Structures are given as C-alpha cells and as structure tokens.
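Chains as they are written, first to last, in the authors' numbering: chain W, 1 to 342; chain L, 5 to 133; chain Z, 14 to 128; chain V, 1 to 96; chain H, 6 to 214; chain A, 269 to 414; chain S, 12 to 98; chain C, 560 to 704. Everything on this sheet refers to the single structure shown next.
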Amino acid sequence: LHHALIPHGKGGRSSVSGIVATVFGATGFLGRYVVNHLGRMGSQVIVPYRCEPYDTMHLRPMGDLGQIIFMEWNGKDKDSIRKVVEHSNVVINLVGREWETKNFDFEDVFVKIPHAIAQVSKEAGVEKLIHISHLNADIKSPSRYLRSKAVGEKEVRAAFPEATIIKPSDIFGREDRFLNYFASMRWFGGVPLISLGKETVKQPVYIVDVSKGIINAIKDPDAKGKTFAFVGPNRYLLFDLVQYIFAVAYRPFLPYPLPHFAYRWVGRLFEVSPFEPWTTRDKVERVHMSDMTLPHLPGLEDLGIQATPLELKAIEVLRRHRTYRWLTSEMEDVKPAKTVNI
Amino acid sequence: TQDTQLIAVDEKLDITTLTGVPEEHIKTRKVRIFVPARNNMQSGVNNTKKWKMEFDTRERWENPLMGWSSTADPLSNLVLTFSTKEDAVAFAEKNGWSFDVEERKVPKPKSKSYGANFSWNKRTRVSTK
Amino acid sequence: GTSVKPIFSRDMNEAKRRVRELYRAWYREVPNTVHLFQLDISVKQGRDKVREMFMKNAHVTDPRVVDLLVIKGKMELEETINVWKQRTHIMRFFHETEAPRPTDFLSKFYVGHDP
Amino acid sequence: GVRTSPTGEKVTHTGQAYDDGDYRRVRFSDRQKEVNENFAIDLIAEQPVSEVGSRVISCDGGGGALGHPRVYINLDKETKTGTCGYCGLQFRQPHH
Amino acid sequence: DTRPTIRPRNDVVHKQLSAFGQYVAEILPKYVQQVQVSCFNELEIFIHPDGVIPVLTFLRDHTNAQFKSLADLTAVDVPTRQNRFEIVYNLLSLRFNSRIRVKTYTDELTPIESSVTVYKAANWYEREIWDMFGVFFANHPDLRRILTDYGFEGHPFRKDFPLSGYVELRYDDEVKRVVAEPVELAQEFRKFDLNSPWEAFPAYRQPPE
Amino acid sequence: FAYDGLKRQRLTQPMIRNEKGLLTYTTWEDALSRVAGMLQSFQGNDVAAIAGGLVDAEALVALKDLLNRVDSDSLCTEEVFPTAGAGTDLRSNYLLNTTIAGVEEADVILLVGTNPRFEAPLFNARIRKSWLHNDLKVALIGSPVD
Amino acid sequence: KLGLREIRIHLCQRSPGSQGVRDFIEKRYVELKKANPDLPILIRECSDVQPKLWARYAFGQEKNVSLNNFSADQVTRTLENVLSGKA
Amino acid sequence: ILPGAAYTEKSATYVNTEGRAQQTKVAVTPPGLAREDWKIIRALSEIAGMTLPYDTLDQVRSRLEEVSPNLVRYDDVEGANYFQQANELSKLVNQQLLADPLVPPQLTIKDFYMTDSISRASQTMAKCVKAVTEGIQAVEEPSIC
Ligand SMILES: NC(=O)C1=CN([C@@H]2O[C@H](COP(=O)(O)OP(=O)(O)OC[C@H]3O[C@@H](n4cnc5c(N)ncnc54)[C@H](OP(=O)(O)O)[C@@H]3O)[C@@H](O)[C@H]2O)C=CC1
Ligand SMILES: [Zn+2]
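Next up, the structure:
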C-alpha cells in the first residue's frame, strides 16, 4: 500500500480511512449522501463539479478541512476527467440525468460519459471503480434511459473489468423525485395513472442503504468485478405506492385512469418547458414499466446492509408535502400498503 | 458519624454511573499512578514529592493536511494531583478505573566524606577535583 | 463511621419507587413527545429507548447514586415537557449516525491499536 | 535558489518534496506549491567573512537593539571560521 | 514602604479582621472549625457543612456583622481530599465595607441545604454550580441545568472531566439536522509541564512527610 | 542513543511472498489466512518457533500457549543453555542470584568468560563503584579486555 | 493427546502451606529429575503463593491440583499420580 | 511478515538478569498497520481455530500468573535457592573442556555498538562506530548551529 495511506483514527471526521474518493456529479441525491458517509468516517474526497459553485457549497460542511476539494470538470474534454482522477484510489460514477437536454443526450450522460470515466480511470491506474446503472437496465426496454444504462454498463464492464457496477432499483428519499413525483401530482387535479396503475410492481430502496452499500463495496476487497443490485425489502403494486404515499400526506387521493398514449402525449407538452421538465415521455415509460427481479445477481444484504422498509422512512419525506391539518400526525396512524413481495 | 437517619451503606463508592464517562473510557483505560521522577539533568527533587495520576497513551495519528497528532481519547492530557497514594487509589475506586500503583523511590542515604577524597590506602582518593 | 445520610431514598424500596414514577411520567410522555416534537420515530422504539437506559444503570447498589440519578431523570424529563430541548438534543439519545463500534477481537485488531 | 522535484514541483527550503505516488499532492492542482525563492541556505554563504584582529568579538547582528542579543564568539581555531549561531554569518582572525 | 516594589500592608485591618474572626468563633462554636486571616487582609470563616444555612443567616442578621450580599458561589475542587469539593461563599457587608469568606466541604454525593432562603442571589449561582461541579443541594426551588448544553451529560468542571470534553457535534445532511459524535480533535491539547523543579517559596512549604 | 533506530527499517504492514516469491505489502486478512492455513495442517516437530533477543514475556507466553494447542514443543530460543542437569528447572541456575545491588558488599568477584564492561555497562559501573569505595577485589577468566 | 510435557510446581519460599512441598525438594528431587530426563520440573518460587501443581498435557491441556498444607510424603503422592498418568 | 511493535510502542513486561519483573508502557503508537505482538497471536489463534482464552492485556497478564507467578510482581524480586540441588543435579558424564580460549564477542567499542536490530537500523549509533574505528576526521560535525 501507499506509505502515507494506512488507515488511522477511530473513523471520525479527522481520521484517516485510506480512501481517496473521486465521486463524480456529487451535486445530487446519491452524491450528497455518498460524500456524507465518506466524510463522516474520514476520507479524502475529490468532488468534480460542472454547475455553479454556490450550489456545491452545501457539500462544504461535510468533512474536515482539506478533505473535500472542489474541481472544475467537463464531460466532453478528456483532460478534465484526467485531472480529477489522477490522485485517486476509487472513482465512482454517479453522473446521469432523468431527462434530456440539448447539449447532453441520454446516451451522452449514460454511455459516453461512463465510457470516458472508465477508460481514463483504468489508464490512470485506480484500484477500484464503481458504476451506477439502473436495476432495470435492458437493451430492449421502451425507455431510452434503461437502454442507455445497459450499453453503458457493457462499455464500463469491458473498459474496466474490475469495476463494481451498482444496480439500484428505485431510489427514494427527501429530494428523490420518485415519490416527490406522485406527491407533486396532487397539484394537477387528480392522480393520473395508466390503467389505474394496477399492473406495475416496484421495490423501492431508501438512500442510506444504497449509499452505505457504496462504501461497503469500496471497503470490500472482493467487490471488484461483481454487479451488485441494490433492491428494497418489499414489493408493492403501483396503485399501492400511490395509495400509501397519499395516505401519509393525507391528501385526497383521486385515482384517474389514463390511456397509455395520452400519458405519452402529456410527457411531450411537459418536455417543451425550457426550464427543468416535470414530466417526460421517458419518465412515462419508467413509471409504467415494472421492476424486475434478478436473484442470480448479488443483492445488498451480501455487503452487510439491511434494506430499510419504505413505510419506516416514507414519513421522512411525506411530512414536507402534507398540509397543516396533519403536519404533526405520526406514522403509526397510516398503515403500510399491501405488499406483493416475492 | 453525624446521626441523621444514617444507614450502613459501606459498599465501595461507584460514582461512574453518575459521572457517566463512556464505556470505552471507564473499563478499557488502565489508570496508573506513581511519583514522577526528577529530570536527571535537573537537580529538582522537590518535584518528586507529589503522587500523580495518569492514563494509557492511545493512538496518535498524523493529520493529512499538515501532519498533526490528532487524538481520539479525551483522557490524553489529563493528569491529577494527589498528596498521598491512598487518596489516588480512592479516586480510582469511586470512578471505577482499573488502577495500578507504583511506589515512591526514596533516595538511598549515601554517606559523603570529603576527607575520603585524600586517603592513604583507600582507592576513593580523587585524581583531580 | 461508614454510616451515611440519605437524601430521599433510605433504602432500595423507596429508590425502587422513585425509578417507578419516572417510568410513570416517561411512558405517557413518549407518545406526545413524538407528536409535539415533530419526531419521525414511532412510539414503539420510543418506549424501549427509555427501557434500556434503566438497564444501562441497573447495577448500582448505593441508594444515594440512584437518588443522585433520579433527579437527573426527571430533569431530562422536564426538559422534554416544555420543548426546551431541540430535535438534535433528544436525537443524541438515539445513537443513529455514528459508525457501529467493533465487538469481537478480530474487529478491533483489524481496526487499529485500540485495546 | 529553488530546485525542482522529478515530479515537476519546486522543492521547499527544508527539502520536503511530495512523492510521485502520494495522493495529497492534488491540493496543488489548479493551485501552487509556492516556495520562498530566497533560500536561507543560499542567502548566507555568499556574505563576506570579516577579518577582525582580535581574540573575542561581540556579534550583535546589526542595528544594535534591533539585532539579535549580543553574543561573544571566539576566534582561536585557525582551521575553522568563527560564527554567531543567532545570525550565521562568518567571522575570522586576521590571517594570523 | 521606602521600597516601591513590594505591596504595603494594613496591619490595623489585619488585626481588626482577626478580632472579628475570633468574634464569630465564640458566637457559633458548633459550626466554625478554624478561622484564618491571610497575610493580604482576607479573613475567612471555615464552617461545617450541615451548619451552612445558620452561619449565613447570622452574618446577614447580626448587627456587628450585617453581611448582606452574596458576592459569589464557588466550590473549588481538590481531588486529593475525601470529599473533594469545598463550597466557598462570598459575602460583603455594606455598613462595615468588609468582606467575609465562609466555606464548607462536601463530596459528590452529600447534599447541602440550599441557601436560596437566606440569599436570593444564591438561586442562579446554585443553578450554575450543580451544572459545572455536580454537587446537588437539597430543596432548591428549580435546581436544573442553566449553563451546559441541553442534555449535556457530565459536569465539565470536574477534575476527571477532560478540558476537550467527551462529545462533539457536526451538521449531517443525511439527517438534515446537527448530530453529536465522540470528540476527535484536529490538534490535541499539548500539555506543558512547565512547573519549576526548584522550590519557589520556603514559607509555604509543607512539613516533611 | 537508540531512538533513531526505531525510525529506520520499520516493519509497517504485513508482507507475503508474491507470485514470484517476493515480499509485498498486503492486508492482515491474507497474512492471517496464509499462516493459519499452513499451521493447522502441520503438527508435531513440523511447527516450531524461535524467540528473539529482545522479545517481551507476553509474546513468549502467547507462542507457548499457541504451540501448546498444536502439539509443538520445539519453541527454540536464540540463546543456548546447557540444559543438562537442572537447567530450566532451577531458576537459581541462570539467575543473578545475589542481585545487582549485592556487589557493593562483596569481597571477591570471578568474571567467567564475559565482558561486563561491554556486555552490561550498568553492571560494570556497580562493580567499579564497589571496587572504588569498598576496595572489592576482582579477577576474570577470559581475554584481558580492559 | 493427554501426555506429560512439563510440570510447573509453583510455591512460596516462606508460606507454611508451601513448607511441605519445600520439604519435598530438599532431598527428593535428584531422583525425580533423573527418572524423567525428558520431563522438565519447573519450580516457580514466588513469595506468598500457596503451592500449585500445573501439569501441562498435550493439545494445550493444563490441569491443576491443590498442594496447600501437603507434607513431603503426600506432595510426592499426588505428583507421582500425575507421573503415573504420563500418557 | 507480521509487523509487531517496539518496546516503546508496547505496554508489556520484561525481566532483568536478576529475575525482577519490570513492565514497560506504551509511549508512541506503533506506526502504520503494525499491531501488538500478542494481539497478533490471539488474532492468529482465532483465525486458525485454537483460539486462546485471553483477549485483553489483563487476561494475558493473568496467564503468566498461572504459568510463572514470579514475573508478575513488578520490581519485586524472588530469592533464588536450592543451589544444593542444582549442583548435585549437574554432577554427570562430565563432558570435557575445549582448548579454545575464552574470547568475549564484545572486545572493543566497535563490536559493542553493533549488537541488535535497533542498533543495526540506527544511523547516529553507526556514526559512533565510525568514530571509534577511524578517529575524529569524518565524524566531526561542524557545530555551527
Ligand atoms: N430512481 C432513480 O432515480 C435511479 C437513478 N439512478 C442513477 O443514479 C444517479 C443518481 O443521481 P442523483 O444523485 O440523484 O442526482 P440527479 O439525478 O438528481 O442529478 C444528476 C447528478 O449528476 C450530475 N450531472 C447531471 N447531468 C450531468 C452531466 N451532463 N455531466 C455531468 N454531471 C452531470 C448532477 O450534478 P450537475 O447537474 O451539477 O452536473 C447530479 O450530481 C443518476 O445517474 C441516476 O440516473 C440509478 C438507479 C435509479
Ligand atoms: Zn550573530
């Protein structure tokens, strides 16, 4: 091992764990908690950013002084990744957008950027690399999202034969835009769902389980090469998802059956918005399509991670969206939805 | 000695539950006491008159950004003053600290005879003063 | 002599009473504590987190120490009635964010020189 | 005078240089490991050695009160040149 | 003093305070143990713990003393004694412009009758002392923490309490509010054992033992 | 003057033979498994141990009980002793029985095959003080080293 | 296995309980060691310790037996029984 | 390679030549990944299968108590005796004495310096080796500052 790299201290803010993290796109939900755990135990974290440094300031109070270093970086410019990943031990890829922008397409951020980050990291000579791809990554999937993850996973697998690809099923949390999605749905009158959402079962997993699983994969000496899939502890129908979360918000649930094409159209008008889109046609397919089960792929329990139940952590997000009439209502009042778990 | 509803609670004092130092720092801390030894280049034996309480030196790692000796044990610089050793151990029992006792290394009472520096047969005579 | 003056609990029995109404106040305090204090933990884990602290101090035989502790018990209790503490203040009892402490000999050997 | 390490970074006056395999160097990326150009090693050797004609000399360091406390250095060793530890400048006998 | 370096003396006051020192001694022989006036004209009354409330009452009430001002409450902790904490009061007599010091001793467990009744100023001074040192007094109105952090465990001023504390806190985004953790300093307190190894004062030296 | 030695050539991390048979730094896991894998499979005189010249007693107990459970009694030491006779049995056979303070009351000392002036400098200072004040006689059997 | 490897006869130089075992080793020792040249007879004489016999068997086994106030003949009786179970 | 710990980096007990137990205490933490020497073995015993009962410093300290009560009374010596038995126990086949003269391994200052691993690793101690074996020329460092 490197001479000035041996772990030291009792896993604190000022301790030394020996991990030179290089999380990319940490200015997001997964990045926010990943740098938190890395900073918490004590590890040098190199965070490249593309957006305004002001938005990245909320990661400043996340580690000891000189442990978090912010670096400018660009996806297209190869030299940008080289500077970030040169003095590194683990480079983990968290870059990727749920929608499409004019400069960066779906394949650009999910295949091209992962292709660049994997090739440079291997060429630089980092010992480990972790890549994030959707658990539903499928080449024939109707959504360009999941197709891009599949080919992107294939590319980083070939370029980096020791990369530990991560397969989260459906992430949820405070700023998760997954249950915040259905929570924000009450604004547009009722709750539009395709065929009332009775033919879609998902298995969401909360942030800390996948987040802790990341560093556990970093600490795991045998995690290289594997394709761990981080999945939740329970499976519920899509109708049960909206039923439960609206109940925790106590907002009046108004089920609204929709044809598939009308919902596809609705994403089109909402994609026109020059600002950040609310609903996209790709998001239409993702919420419509159902989560798949991959028992052969190792799960999250193999890394000593217990999948937190959705009902236990759903209140942490639903409190913000609920009204004053039930703001102080607890979580025992609501009852977890019908689990159709495997 | 002052009879005010006195009850014979003669069990060893256990103030650890009240002072509430963390579990790692009440069991896994060998508290040791001695009398400090006088610095040899000094001639200051008066500093060897007090019983002193110490701890065990834990990990002292170097800071990445500068190189420091960041410590994780709060009881690193803590030393305590005791007139006699029985008071020092008495504090250890009430604070339930695993105690170790050394003894006061009193100096030998050496006999100095300057007249012996110039003898007729004894080897103690000095070749140069 | 070794005989000492008690404050309130002359022996174990009255001290055992004093730890009992602490439970009496605490048990009906946890429900509306979560309710008022905007807490996201349920009553179930609220109740037993009052529990294990009784066994956290379930070894002292001196009545005074139990009495010295009974005052602090209602002190933290009263501090919770009138919202004096903040969310983090009571969260400090809920050990939640620290790394788990190693227990078996293999773990501390693999961690460092910690004895 | 400042040298350059094999990794391309200037070495400090104390001789400290970051190893090429070191990870903490990245703090120098987009920044500088600035080094005091006036090396105290090279800032005192070229000062002339004085040739006072006396056995013992009081060195003050210049400026009187502003200099270092007065130190009485000795000049009897012919092979070695006397010097004041406070300042480091040289002293010498008048060639005797 | 023809020499302008050393501090002068007020022998008239020193004897005068000493006369009042023995004055209190006969008045309350049950409670006082020894009364001493220091070289720098500071006469201290040393009273028994259980008689804390009467002596303070006597000084507040008696015409010849009339000490009605609770200047300060201190309980200086000395680990070498059996009952470590020695509780020290501080009184000022306005009519006789003189200061008196009455003090007791009390271990970590022995309770003292609160002097709030005899001195309303003792109230908040009482809330501080139990916080810093941990000596509970009896029947205090609202004896409760008023200095340390809400729920901060342990009395910080105790000798066994390290100056750096036991816990430190830091904001955490994964829970979105501040949270505590064991203290782990960037720089430890570098102890400076600078005490001179040579005797400094022959006058105050303890007898051989 | 030995603190500088504590800074030179320090064993920092476990090292095991690589694919080419060269020592390379590795984690404790591989080193522990490799030694354990080669230990429990061997028994009797196959497993042995040699103590150093500066090893502490607690380590010696550790190997004594470790080789206890593997049927190994070949726990050798660098120092060699004529075990014939009492040897290890009687502690008076090898102990400085009179204690180092005893020289200041002796009369004659026989140094057999040793250089206490160099082997044990603190010892030789004690005889020197004894020879100075007590006029204690000395005589050795060995090379006439000063 | 359960065979003799060495003995550890801990005793005190002054305790009356250790006097009996002390009575044993003044004269009845040279024949015991000569009878078991391979068996080392370790005498750990630490003060204020009641005499303890420690027979270390194979496989990391070590049984103890009391010798408090055991006179010269009877300390020989119990240790010979340990010798009798040499395997 | 099993990185142990030096005496300054170890809180353990040695015994002098007179059979007096003296315990050292840790002053500097062992560098890097090195751990306590006995902590290594106890970890080794657990990973091998024949786990030792003792796991902390006091537990192993009690182990030397039950195998050798002498080396736990710190600074307290124990009077050695039964020399009347040791000599009569030697008393045997009487192997002869070699004609080789008695030559101590340490005869000069130089070989006295170069004994143990720490002395071998040390550099300033090696400067003293150069001083005695050569003289004053090379070893004279200019004491300018
Ligand atoms: N249910 C889900 O949402 C699932 C998501 N994932 C993937 O895991 C990751 C989680 O991201 P999350 O932390 O939630 O952040 P977001 O998805 O909310 O935002 C994207 C993240 O990547 C960065 N980023 C976005 N676009 C680019 C770009 N073109 N170039 C470089 N960086 C970019 C963002 O910072 P910035 O905008 O400043 O560049 C931010 O850190 C994403 O890749 C996501 O697709 C995987 C499985 C499930
Ligand atoms: Zn000068």
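Backbone N, C-alpha and C define an ideal beta-carbon position, used for all residues, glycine too.
Beta-carbon spacing of residue i, residue j below 9 angstroms
i: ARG114 of chain Z; j: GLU63 of chain L; result: no
i: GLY28 of chain S; j: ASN80 of chain S; result: yes
i: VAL574 of chain C; j: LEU630 of chain C; result: yes
i: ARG50 of chain W; j: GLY25 of chain W; result: yes
i: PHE239 of chain W; j: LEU196 of chain W; result: yes
i: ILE105 of chain H; j: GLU31 of chain H; result: no
i: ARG55 of chain S; j: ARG359 of chain A; result: yes
i: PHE103 of chain L; j: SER80 of chain L; result: no
i: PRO202 of chain H; j: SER47 of chain L; result: yes
i: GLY24 of chain L; j: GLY156 of chain H; result: no
i: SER169 of chain W; j: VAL231 of chain W; result: yes
i: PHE35 of chain S; j: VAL86 of chain S; result: yes
i: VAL17 of chain H; j: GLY26 of chain H; result: no
i: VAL83 of chain L; j: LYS196 of chain H; result: yes
Cβ neighbour criterion (16 or more within 10 Å) applied to residue i
i: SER702 of chain C; result: exposed
i: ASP64 of chain W; result: buried
i: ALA150 of chain W; result: buried
i: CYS84 of chain V; result: buried
i: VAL348 of chain A; result: exposed
i: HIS95 of chain V; result: exposed
i: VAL340 of chain W; result: exposed
i: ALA262 of chain W; result: exposed
i: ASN383 of chain A; result: buried
i: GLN16 of chain V; result: exposed
i: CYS704 of chain C; result: exposed
i: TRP129 of chain H; result: exposed
Residue i Cβ short of 8 angstroms to ligand 3 heavy atom set
i: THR279 of chain W; result: Here the bound small molecules are ligand 1 and ligand 2; ligand 3 is not part of this structure.
Chain-ordered neighbours of residue i on chain W, where CB pairs are closer than 9 angstroms
i: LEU561 of chain C; result: In chain order: nothing, as chain W lies at least about 16 angstroms away.
Closer than 9 angstroms at the beta carbon, the chain A residues around residue i
i: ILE218 of chain W; result: The contacting residues do not exist; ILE218 of chain W stays about 14 angstroms from chain A at best.
Chain-ordered chain L contacts of residue i [CB-CB under 7 angstroms]
i: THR15 of chain Z; result: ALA12, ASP14
i: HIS102 of chain Z; result: Within 7 angstroms Cβ-Cβ: nothing; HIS102 of chain Z doesn't reach chain L, min ~16 angstroms.
i: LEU400 of chain A; result: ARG127, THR128
Partner residues on chain A for residue i, Cβ-Cβ distance less than 8 angstroms
i: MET609 of chain C; result: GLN308, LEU334, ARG337, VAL338
Contact set between residue i and chain S, taken where Cβ atoms lie within less than 9 angstroms
i: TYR641 of chain C; result: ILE36, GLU37, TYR40, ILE54, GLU56
Amino acids of chain A, ordered along the chain, whose beta-carbon sits closer than 7 angstroms to that of residue i
i: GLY71 of chain S; result: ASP333, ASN336, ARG337
i: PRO51 of chain S; result: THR356, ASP357
Chain H contact residues for residue i, given Cβ-Cβ distances below 7 angstroms
i: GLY48 of chain L; result: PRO202, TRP203
Cross-chain neighbours of residue i in chain C, by beta carbon under 7 angstroms
i: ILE6 of chain W; result: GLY591, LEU592
Chain-ordered neighbours of residue i on chain V, where CB pairs are closer than 8 angstroms
i: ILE703 of chain C; result: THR83, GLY85, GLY88
| Unbroken alpha helix (DSSP H) runs of length 4 or more, entirely within the stretch 65-127 of chain L: which are they? | The stretch 65-127 of chain L contains these whole alpha helix (DSSP H) runs: 89-98.
| query | At what residue ranges does the stretch 195-248 of chain W contain a whole run of the beta strand (DSSP E), taking only runs of 3 or more? | reply | Listed in chain order, there is nothing to give.
| Just the residues with CB closer than 5 angstroms to a heavy atom of ligand 2, in chain order, which are they? | Contact residues of ligand 2 (beta-carbon closer than 5 angstroms to any heavy atom; chain order) are V:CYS59, V:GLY61, V:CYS84, V:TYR86, V:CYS87.
| field | Secondary structure, alpha helix (DSSP H): runs of 4+ residues fully inside the stretch 97-136 of chain W | value | With a minimum length of 4 residues, the unbroken runs of alpha helix (DSSP H) contained wholly in the stretch 97-136 of chain W fall at 113-124.
| task | Give, in chain order, every unbroken run of the alpha helix (DSSP H) that is at least 4 residues long and sits entirely within the stretch 64-89 of chain W. | result | Whole alpha helix (DSSP H) segments, 4+ residues: 78-85.
| Which full runs of the beta strand (DSSP E) of 3+ residues lie inside the stretch 15-52 of chain W, going along the chain? | With a minimum length of 3 residues, the continuous beta strand (DSSP E) runs that stay inside the stretch 15-52 of chain W are 45-49.
| Length at least 3, wholly inside the stretch 259-289 of chain W: the beta strand (DSSP E) runs in chain order | Segments of the beta strand (DSSP E) lying fully in the stretch 259-289 of chain W: there are none.
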